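Below is one structure, written out as structure tokens; comments come after it.
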Amino acid sequence: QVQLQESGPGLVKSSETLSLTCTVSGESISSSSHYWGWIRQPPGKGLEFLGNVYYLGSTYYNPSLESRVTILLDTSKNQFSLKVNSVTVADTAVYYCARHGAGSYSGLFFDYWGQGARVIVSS
Amino acid sequence: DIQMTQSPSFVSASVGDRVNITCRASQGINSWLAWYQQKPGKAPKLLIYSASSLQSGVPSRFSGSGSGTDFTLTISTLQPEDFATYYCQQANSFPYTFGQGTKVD
Amino acid sequence: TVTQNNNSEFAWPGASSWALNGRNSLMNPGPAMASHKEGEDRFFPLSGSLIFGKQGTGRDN
Amino acid sequence: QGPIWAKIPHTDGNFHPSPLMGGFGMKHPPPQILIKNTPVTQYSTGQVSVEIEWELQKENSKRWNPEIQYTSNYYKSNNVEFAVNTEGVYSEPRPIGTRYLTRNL
Amino acid sequence: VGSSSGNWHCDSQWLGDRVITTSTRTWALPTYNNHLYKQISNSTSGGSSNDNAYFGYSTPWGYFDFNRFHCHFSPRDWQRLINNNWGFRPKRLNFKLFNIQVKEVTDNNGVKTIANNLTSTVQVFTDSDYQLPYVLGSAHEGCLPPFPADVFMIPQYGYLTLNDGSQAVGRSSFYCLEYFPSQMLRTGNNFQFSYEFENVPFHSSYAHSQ
Amino acid sequence: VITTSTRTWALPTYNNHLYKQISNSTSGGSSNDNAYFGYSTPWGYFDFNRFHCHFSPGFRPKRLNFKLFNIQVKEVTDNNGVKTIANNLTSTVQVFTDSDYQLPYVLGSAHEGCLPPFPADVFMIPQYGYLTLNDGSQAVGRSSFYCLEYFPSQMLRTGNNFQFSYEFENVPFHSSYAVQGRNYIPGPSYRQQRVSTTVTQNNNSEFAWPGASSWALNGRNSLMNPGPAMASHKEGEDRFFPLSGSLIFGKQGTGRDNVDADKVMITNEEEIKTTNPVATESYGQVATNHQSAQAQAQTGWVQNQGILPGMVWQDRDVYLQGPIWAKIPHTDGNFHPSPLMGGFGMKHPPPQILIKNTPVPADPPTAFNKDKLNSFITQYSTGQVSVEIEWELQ
Amino acid sequence: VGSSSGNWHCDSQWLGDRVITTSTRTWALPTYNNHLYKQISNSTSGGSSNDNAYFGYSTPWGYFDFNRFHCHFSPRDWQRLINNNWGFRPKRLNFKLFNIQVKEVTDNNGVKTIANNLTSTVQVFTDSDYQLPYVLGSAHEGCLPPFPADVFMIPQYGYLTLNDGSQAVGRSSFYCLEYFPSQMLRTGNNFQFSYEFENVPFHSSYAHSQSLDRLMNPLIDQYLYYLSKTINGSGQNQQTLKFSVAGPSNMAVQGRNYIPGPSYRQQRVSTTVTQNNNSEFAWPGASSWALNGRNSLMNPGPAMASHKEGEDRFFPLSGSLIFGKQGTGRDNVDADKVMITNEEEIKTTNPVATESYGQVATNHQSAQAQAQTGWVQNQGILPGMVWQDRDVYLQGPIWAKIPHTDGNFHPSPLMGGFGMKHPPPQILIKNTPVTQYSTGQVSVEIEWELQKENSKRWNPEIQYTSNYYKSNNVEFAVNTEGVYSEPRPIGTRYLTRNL
Amino acid sequence: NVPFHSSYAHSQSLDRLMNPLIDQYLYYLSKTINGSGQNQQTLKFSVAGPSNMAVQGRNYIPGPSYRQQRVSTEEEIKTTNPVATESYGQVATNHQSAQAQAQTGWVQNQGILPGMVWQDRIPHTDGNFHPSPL
């Protein structure tokens, strides 16, 4: 079983970088061979993919977000961190951590999900 | 990007009655889909992966067969335990996109 | 990622292979070459990498 | 997990005999060792001890900042890496390269 | 019969510029092909394609294969190599085989019977003149186990020769291994030989910084 | 003084010839302090660490000698109800000693499984396992896995024997004897709760876990037992004993759980009382403030007192059933390494001796299968053990 | 003049069990106090507190400090040291001072002009009888700089003595360094001496793979008994004494041989700010010791683990060596400008610094009196305690001078390193009085001993690795401006040993 | 052979062993709040330096102490030895948090700790510490 916890600030000043981290318990990122990815849920709206990071460090970003997001993979502490730059009022929602893969559908469908992390961008 | 539109936006259907939620991809996704279920405030949880293959955790009642431009999630014998929004996901081409949501009652 | 791949069977038809006495031979592992360009790690060369397996891994598919 | 040596096929010529799956190409590798049970339903068992003496080349480099070294993680996993589970099953989780220290080109 | 024909050595001694690694395992040897040389070809297994065509033989002889690294190095030992060293290469190989125990089975009804067979012999020899095919280069399974406490099974020896489809040709070569002088061990004998590796260039275990 | 002991042992086949991870979760639930992580091994070991092994009903060890001979191996075939036992004359038995102390040293915790006191008894060799770093029931990456097969060992058929010698490092000779200004003061105290065997006096509540003096390490409460050497009871009152203060042995035949007070033998410290405090009593009083005309002088009780210059104390008395030596943990520093359960603390104690029955594989499948063979002959062995320890009397 | 008095040596040779680390830097020595021995006291700054009172003299002499590790060890050598070895210690010390240069500065209107002075001398002497106060052991600034290309400035030498407030007492000692014989150097002369460290125990670099309470065999019950139940069941007159066998089922109650090391509790502060109350508790709530009417903060104190397993955020208030990042201001810098060092390794044998030592019984039980226990906030040494000393860091100090007294316990200094009664002697220096300053080359060479790693551990160790992920500038290397920087503190304990 | 009985008074206090002129590379916690108000928590670190000599980290601590009562009607050793009539030190007890303020108890008596140094002023047993009589 894979438990996913997010942590970081819950309030960030506008145009200050946002940083969350997801510490995965129950697997080992280095030897699991699965993709790990983020999505975001602006309030009362549909979830939008942010990007994922393959266990060797390769990374895909969502072009909608314009080169703000950066997904760092810290493999030794078994956690990976989302960083989005120049935050705005619009970029506030609950950020979910997820394991992007399974045997057949690796890097496709999100089977195991974080508990969720509220982030409110404000001045 | 590829749009996703779930046809019923709000479907009020009570207990025991069969419900079907349909979401059509903007362009052919070659039967790559992922229906999700979000109870309010908690993170969503996967239900059906690929086109019709059920997840291990989910109850037999959920089902759906896509033809690749058309997809339906049929909740059969709806129990009170699940009144939640339902999202669909494309796996076909980056970026992955979750259309709207279908709130059921 | 399974979906970045072409929707066809190119496992033997599209692979690199050296031919000997009218018998085709797959090029495994091949000459010594980097597996991927820096910064992209999802991809791997078709036969170009020693592929071990984790314990309990079945013998087929 | 990979091989150590492989025999160079005895031929007219070769170019850089070092074998393609790795290791040390040799024209007189360690000889095969054949064994059988002399016919007399029969099987035999015993011990085998094999000893190879390896020679090293030390790292002399003047690089100022620290090297990238191979390490073992510290994140409270259910079972330690390169060890046994509760069934006594020794599992090698990931393959280990030989190349960590750095040299100039 | 009543005295140990060898000892148990597993360890690694890190001495100066040299490393001495010794691995000991416990093996089992069954009888293959009912003590017969048996011809094998794809026509037996269905012979689907011309690419997969092979013509060869299967012999009752088994063989020892230590050809993979994890036989010699414990994970920690290996770590002490890749971390601290710019190269390595083998020098000497010293092989020992001993404590042979021959068992016999007479199956009666459900329960089979197993007891010591004292006068039985176990033949073992090496090909140091390289007259036989060399099958140790293709990375086959059946090597010594990675983990010392694992008891393993000696692989069966087989080889292939020239062919056109499943048929043979005049130049195909058939080797009878009985034709080789070989030592014969009873339950008190042991087997040992040493080997001096030919000169090979150091394997590189460093990454260029440029 | 030179004593020799000789016994006969029976060593079965443990863990099906497997190394199995053992954890807190496997045998327990909750129990934060209790949870542990470790491995169990097929290997057995010889524990002679208890006195009555060498002694029939100031001193200190000098030399040691150990012998293992008359190795008898028995292969067990079982057909339906009855089981057949036949000699297997080709079988082997592996034994090594750890003289570099590279493996965990488990002899010091006063475990059962010792050589029995009575020379005619035949004992079963206790299994060997060890505990390593843990977090809850899980295992941090700093943990260690030791594979005992990876130590060079000596294999013994029925004609071989195994002997070695050992030399005890120099330890203190054990002592076996009992308002003016003064030059010296009584020793240290870390107080214990006081219990009396007559249940009418003690409190009618479940104070057994809570009452005891504990020390916390990494957020795990581990009860203090027996604790610093201290006299168990005040002069004339022998009915009272500290809750975790002194060693408690079971009588012959004593059950494992919830035995009464008369089934167990409570040791008493009454001999040392001259130089040491009573384990239930405060070390003394101290002024808690400044006296004045406006405030009286207050005194307060000293529950725990460390070392002060001028203390003297006696160690805890070894018993005929008690342990002899205990390994000193390897650390930057320690004060007065003498173990708290009595005996001679030694940075290089007598080496552990690990022994197993070399597994004999059953019939292989006859077609090649790369899986490790788990199918073995039911087997066990027996033999002799003679251990000889020179001693020196004062 | 035209003949160089030495060369430049800066390399470490790895030979067997010994290391030879040579360090050569360039220095600039000004003239302090205009060639005057002057008195100083708190009243100069006002001495707002009694605890801050000091009375002492400040001398023109400067003194060399190699007392921090990163002088000698490049961050690579330090890696090769902390990964492969279980302990080390200094053996020899070999010091040279040479290529002296004397430059005079005579200010004329706008520009100051700097020219050679050939006839001038530089007075140097080392106190090998240790008759001066010893200032090298307090972890003061001014040590040789970590990176070899830097140029550094010799710190001024001054000392303190007995005081009541700012006033002196009849016992206060005034040492005039001019009273010692010294050597005098012109541009062609050079200065060298060699030292031999007194015997010190190895510094143990490793973290135990067993916790002090897990030493047991997990499969076997002890033959000792403990008291399991004090009552059978609910009711009057229901007391009982029931004993059980100590075993794996209830593990923590077994009898044990040894007990964790001493503790003197520290307050705990959270890296996360919102987890702390809105009060100033830095000084008031800090564990401190009192001497002759002055309160001295306890820093760092005994060696105690910083936090319980799993908690990175909490750190003991005064009990963890804190280092500055490159370019950090002096006063009231925010919490991410400094580097905090956590004692993760010592938890196995040492208590958590923010937690109690344990409990003890505060009274006698009876039918009328319940068993009452209370916490232990501090525990002196009791016989049998084992403990780990405090770790040494790349940035941290090497040695100290044991105070000269009748007795001490475990002289190993509380900030880490090797306590000695005869450390490397101070090296004092000044310009000879005739505005003048001198420069030269310092070269220090220490020979180290190494304890090699024998472990049989099957699975791979934890090692100190440099992360591969790309970034704007390499760790432990200069940036586009040229300012050398050390990213994070490095501990010496990455290996393991059985407890 | 017993050691030379030291017969002198130290000229320095155990806490004044420092160099008065030079900063330390060590830091100490200084401000835990931005100022008066609500929700003001912050962490501020400042260099331990000659201006504040109370908080500088030191290698050794004063010797053992067991408090005697003071009476009003060995002053050489008071340099490194705590005053017999005073509390040897202050030890923080409970952990602070948004609910609870830090509390600090007084240590009346403190046994040996590693790093203590002290000045002076055999029963035959298994053990003793610093046997010098009183």
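By order in the structure tokens, chains are A, B, ...; within a chain, residues start at 1; ligands start at 1, following the order shown.
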
Exercise. Using only C-alpha atoms, which residues sit within 12 Å of stretch 9-20 of chain C once same-chain residues fewer than 5 positions away are excluded, as a list in words?
Worked result: residues 25, 26, 27, 28, 29, 30, 31, 45, 46, 47 and 48 of chain C; 50 and 51 of chain E

Residues of chain B within 10 Å of chain A: nearest atom pair and distance (Å, one decimal) for each, counting only C-alpha atoms, sorted by chain and number, as a Markdown table?
| residue | atom | partner | partner_atom | distance |
| --- | --- | --- | --- | --- |
| B:1 | CA | A:64 | CA | 9.0 |
| B:32 | CA | A:108 | CA | 8.8 |
| B:33 | CA | A:109 | CA | 8.0 |
| B:34 | CA | A:109 | CA | 6.2 |
| B:35 | CA | A:109 | CA | 9.2 |
| B:36 | CA | A:110 | CA | 9.1 |
| B:41 | CA | A:116 | CA | 8.8 |
| B:42 | CA | A:115 | CA | 7.0 |
| B:43 | CA | A:116 | CA | 6.1 |
| B:44 | CA | A:113 | CA | 7.3 |
| B:45 | CA | A:111 | CA | 6.9 |
| B:46 | CA | A:111 | CA | 5.6 |
| B:47 | CA | A:111 | CA | 8.6 |
| B:48 | CA | A:109 | CA | 9.4 |
| B:49 | CA | A:109 | CA | 6.9 |
| B:50 | CA | A:105 | CA | 7.7 |
| B:55 | CA | A:111 | CA | 8.7 |
| B:87 | CA | A:46 | CA | 7.9 |
| B:89 | CA | A:109 | CA | 7.6 |
| B:90 | CA | A:108 | CA | 8.2 |
| B:91 | CA | A:108 | CA | 5.4 |
| B:92 | CA | A:108 | CA | 8.5 |
| B:93 | CA | A:108 | CA | 9.7 |
| B:94 | CA | A:62 | CA | 8.1 |
| B:95 | CA | A:62 | CA | 6.1 |
| B:96 | CA | A:49 | CA | 6.1 |
| B:97 | CA | A:48 | CA | 6.2 |
| B:98 | CA | A:47 | CA | 6.0 |
| B:99 | CA | A:46 | CA | 6.4 |
| B:100 | CA | A:46 | CA | 5.0 |
| B:101 | CA | A:46 | CA | 6.4 |

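Interatomic distance, atom CA of residue G:250 against atom CA of residue F:242: 19.8 Å.
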
Seminar exercise, completed: atom CA of residue F:208 sits from atom CA of residue F:244 at a separation of 9.6 Å

Problem set entry | strand (DSSP E) positions in chain A, given as a PyMOL selection string | chain A and resi 3-7+11-13+18-25+36-41+48-53+59-61+70-74+79-84+93-99+112-113+117-122

Problem set entry | Contact residues around stretch 157-174 of chain E with only C-alpha atoms at 10 Å, ignoring same-chain residues under 2 positions, as a VMD selection string | (chain C and resid 21) or (chain D and resid 34 to 35) or (chain E and resid 32 37 to 44 47 49 to 64 132 to 135 154 to 155 176 to 177)

For this session: Please identify all polymer residues within 12 Å of residue A:25, counting only C-alpha atoms, omitting same-chain residues fewer than 6 positions from it, and present them as a ChimeraX atom specification.
Result: /A:1-6,32,77-80,99,112-114 /D:75-78 /F:138
